[PDB]
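What follows is each chain in one-letter form.
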Amino acid sequence: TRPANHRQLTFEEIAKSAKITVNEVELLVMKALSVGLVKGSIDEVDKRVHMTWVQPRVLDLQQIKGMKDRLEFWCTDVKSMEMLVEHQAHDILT
Amino acid sequence: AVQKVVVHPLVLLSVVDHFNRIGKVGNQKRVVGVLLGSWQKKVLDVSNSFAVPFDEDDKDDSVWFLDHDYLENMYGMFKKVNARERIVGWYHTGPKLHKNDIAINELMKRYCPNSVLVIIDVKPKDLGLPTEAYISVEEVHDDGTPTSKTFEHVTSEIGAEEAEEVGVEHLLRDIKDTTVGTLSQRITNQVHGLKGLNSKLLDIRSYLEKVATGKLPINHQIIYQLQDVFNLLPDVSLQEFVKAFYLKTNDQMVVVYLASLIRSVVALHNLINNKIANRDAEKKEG
Amino acid sequence: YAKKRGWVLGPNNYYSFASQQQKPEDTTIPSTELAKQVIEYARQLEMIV
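Residues numbered from 1 in each chain as written, not as in the entry; some residues may be left out. Chains lettered and ligands numbered in written order. Part of a larger assembly, values for the part shown. Heavy atoms only, no water.

Method of determination for the deposited model, per the PDB record: cryo-EM, at 3.3 Å resolution.

Structure below.
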């Protein structure tokens, strides 16, 4: 759900949305790490469970719509920042 | 697996002559020939090539011709003049590969057990690296394909030999080039780099605009394998990575600051050594 | 002091308010312009002076 910005989720939202208690979310997430649909890590001094890798899933029309919006916003910035290299050095690189 | 091929620059030119033989038709006539190489290692070598007659229609791409009799005799000549060399595969000149291009491989796997193709490009409108090669495997899918059979990408590079570097780089004298220029190639390399980045993004959104709306098969190919590409996307300016640019770039700034501090003193030697030689050759002349 | 400034004497104290900041940093805002210096370094060093 969250687009990898603060994906270091704490135990409370796991323990709420799975409605399991607090002292079982670690045995729950180590199972999913052992099977291998996720590749995160576990802290305990803050009890935040960092996320790194998610398996790819199926999506639909409106997910492609935002994905082109991610792609166009990434494509036109590369081209603009590549102009700024050539504009900086015209007859310097031959 | 083969995991790269090594292509000498005698071919990529012994293809284009055969495109120049039948090229008077102009419109479309694909060149197909026979590739010669070395049963070398896991890594493989490519040395020689020759042609073979081939024609094919526009509709119903199942009518095509490889003269086996021409392939037996002319390779029998090259086996006669060269015992070191034997067959490794084939090539065709088409810019993008066609639908016909799998039954050609399925013919000549009875010559070499791993018969490999090479696609070349007589017109690389892409200014990047041409002449990429494939190999066919079976990747039978969850869908229930009886044989999922599609070619796999194999990396490739241009080979080199001591005699052919003489003849090729003699012919490079028709244009100017800076191979000796340090950092003049380098600034172009990120220009030639990021041009490749923009070229792959304009292609992928053209595929992505079509499959979004109206017409394309929406299949469980790329659309989530390309979702994994978004998953990496490092978050560059965050907490501790700032202490990777301010502890390591300023290391490399001091070495540049050292190198300038001597280069200025070196150029200052050439002043006094010229100013002594200037006026003392003058004051003895007068 | 209560009218030119704040500092309302409530229950037995003059009360201070928040006078702090967040201190954000990007340090790749210079990554556009630090590249401009590096291109300039090899510019004058390569030119026939």
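Resuming the write-up.
1. Description of the overall build of chain A
Spelled out, the test is: Per the convention used, a helix needs a DSSP run of H or I reaching at least four residues, while a strand needs a run of E reaching at least two, with both numbered from the N terminus. Only protein chains enter the accessibility calculation, which uses a 1.4 Å probe; a residue is then buried when its area is under 20% of its type maximum, exposed when over 50%, and partly exposed in between.
In terms of helices and strands, chain A carries 3 helices and 3 strands. Each helix and strand of chain A, ordered N terminal to C terminal, gives the series β-α-α-β-β-α. C-alpha extents for chain A along the principal axes are approximately 65 × 35 × 20 Å. Looking at chain A residue by residue over its 94 residues, the buried ones come to 18%.

2. A closer look at the sheet that holds strand 3 (residues 48–50) of chain A
Residues and elements named next belong to chain A. Formally: Pairs of strands are assigned from DSSP output, requiring at least two bridges between the strands.
On the basis of which strands lie adjacent, the open sheet formed by 3 strands has the order 1-3-2 and antiparallel pairing. Here the strands that pair on one side only, and so sit at the sheet edges, are strand 1 (9–10) and strand 2 (41–42). Sheet topology places strand 2 next to strand 3; 2 bridges connect them, and they run antiparallel. Across the sheet, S41 pairs through a bridge with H50, a residue of strand 3.

3. Comments concerning the interface of chain A and chain C
For an interface, size is often stated in terms of accessible area lost upon the parts coming together. For clarity, the threshold we go by: Contact criterion: two residues are considered in contact whenever any of their non-hydrogen atoms come within 4.5 Å of each other. Simply put, the buried area is the total loss of 1.4 Å probe accessible area from both parts when two parts are fitted together. Here a salt bridge means any side-chain nitrogen of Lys or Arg lying within 4 Å of a carboxyl oxygen belonging to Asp or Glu. Whenever two N or O atoms come within 3.5 Å, that pair is a polar contact, provided that in protein one can donate a hydrogen and the other can accept it, and provided that, for residues adjacent in sequence, both atoms are side-chain atoms.
Tallying the contact residues gives 5 residues for chain A and 4 residues for chain C. The contact between chain A and chain C buries some 470 Å² in all, and 71% of this surface belongs to carbon and sulfur atoms. Contact with chain C buries area across many residues of chain A, yet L84, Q88 and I92 of chain A alone supply 78% of it, more than any other trio. There are 0 salt bridges connecting chain A and chain C. Where chain A packs against chain C, one counts 0 residue pairs in polar contact.

4. Details of the environment of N273 of chain B
Residues and elements named next belong to chain B. For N273, the position within the fold is in helix 8 (residues 249–285). Taking the C-alpha atoms as reference points, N273 and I22, 251 residues apart in sequence, are found 67 Å from one another. Of note is the side chain of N273, whose polar atom sits 2.7 Å from the backbone oxygen of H269.

5. So, the interface of chain A and chain B
With 23 residues of chain A at the contact, the number on the chain B side is 25 residues. Across the chain A/chain B interface, buried area totals approximately 2300 Å², and carbon plus sulfur atoms make up 72% of it. On the chain A side of the contact with chain B, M67, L71 and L93 of chain A bury the most area, a combined 22% of that side's loss. Counting across the chain A and chain B interface gives 2 salt bridges. A salt bridge links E86 of chain A to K195 of chain B; the shortest N-O distance between them is 3.0 Å.

6. Some points on helix 2 (residues 68–81) of chain B
Given 3.6 residues per turn, any residue in an α-helix points the same way as the ones three and four places further on. All names here are of chain B. We count it as follows: Each residue after the first adds 1.5 Å to the expected span of a helix.
End to end, helix 2 covers 20 Å across 14 residues, agreeing with the expected 20 Å (1.5 Å per residue, within 8%). Taken together, the buried residues of helix 2 touch strand 2 (32–38), strand 3 (44–51) and strand 4 (86–92). Where helix 2 begins, the side chain of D67 points an oxygen toward the backbone nitrogen of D69, at a separation of 3.0 Å.

7. Structural notes on a nonpolar patch on the surface
The test is simple: Like charges are joined within 9 Å and nonpolar side chains (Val, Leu, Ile, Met, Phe, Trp, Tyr) within 5 Å, but only among residues with over 30% relative accessible area and no salt bridge; these make up the patches. Here the accessible surface of atoms and residues is derived via Shrake-Rupley with a 1.4 Å probe, and residues count as covered only by protein chains that are part of the display.
The grouping of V236, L238, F241, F245 and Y246 of chain B at the surface amounts to a nonpolar patch, some 420 Å² of accessible area in total. As for its position among the elements, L238 of chain B is in the loop between helix 6 (227–232) and helix 7 (242–245).

8. Some words on the packing of helix 3 (residues 61–88) of chain A against helix 5 (residues 184–212) of chain B
Quick note on the threshold: Every angle, taken between N-to-C directions, lies between 0 and 180 degrees, and every axis is a line fitted to C-alpha atoms, over only the stretch in contact when it is a helix. The labels follow the angle: roughly parallel below 35 degrees, roughly antiparallel above 145, roughly perpendicular from 65 to 115, and oblique for the rest. We call a crossing left-handed when the near helix sits turned anticlockwise from the far one by less than a right angle, and right-handed when that turn is clockwise.
At a minimum axis distance of 10 Å, the contact between helix 3 of chain A and helix 5 of chain B shows a crossing angle of 160 degrees. Judged by the inter-axis angle, helix 3 of chain A sits roughly antiparallel to helix 5 of chain B. The two elements helix 3 of chain A and helix 5 of chain B meet at a crossing, and its hand is left-handed.

9. Digging into the packing of aromatic side chains
Residues and elements named next belong to chain B. To be explicit about the condition: Aromatic pairs are defined between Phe, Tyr and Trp rings, using the six-membered ring for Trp, whenever the two ring centres lie within 6.5 Å; interplanar angles under 30 degrees are classed as stacked, those over 60 as edge-to-face, and all others as tilted.
Using the criterion set out here, one finds 2 aromatic pairs over all chains in the structure. Note on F50 and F78: the rings are 5.2 Å apart at their centroids and 80 degrees apart in plane angle, and the pair reads as edge-to-face. With a gap of 28 residues between them, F50 in strand 3 and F78 in helix 2 connect regions that are remote in the sequence. With a relative accessible area of 24%, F78 lands in the partly exposed category. On the basis of an interplanar angle of 65 degrees and a centroid distance of 4.9 Å, the ring pair of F241 and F245 is categorised as edge-to-face.

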